[PDB]
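Encoded as structure tokens, the structure appears first; notes follow it.
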Amino acid sequence: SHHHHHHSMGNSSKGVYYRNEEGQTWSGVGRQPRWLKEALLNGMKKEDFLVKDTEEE
DNA sequence: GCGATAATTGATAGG
DNA sequence: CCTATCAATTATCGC
């Protein structure tokens, strides 16, 4: 069984955004910032750094 | 530091 | 596949 945090959860109707080491955040709508592309090719899925208004760090 | 305006970056539309 | 237009993000100016 996949017993981990996964930082995904079931949330969408809230302040959902992507946050990387740069501290920059993406709303998830429209188009992603230049760092999203970099983080994606960095070897990690964008979902791996998906933080919402809830369960936020 | 927060708010608005301008430039760059990403996706969608047209050829 | 390449060029143009619209939408979001990042940076600069104003408060």
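Letter 57 of the first sequence, counting from 1, is numbered 58 in our numbering, and no numbers are missing. By construction, the Cβ of each residue, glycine as well, lies at the ideal position given by its N, Cα and C atoms.
Taking the Cα positions, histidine 7 is about 24 Å away from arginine 35. By the C-beta density criterion, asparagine 21 is buried, having at least 16 other C-beta atoms within 10 angstroms.
When DSSP states are grouped into helix, strand and coil, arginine 20 belongs to the strand group. Taking C-beta atoms as the reference points, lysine 46 and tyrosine 19 fail to come closer than 8 Å. Residue pairing by DSSP puts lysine 53 in a beta bridge opposite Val17.
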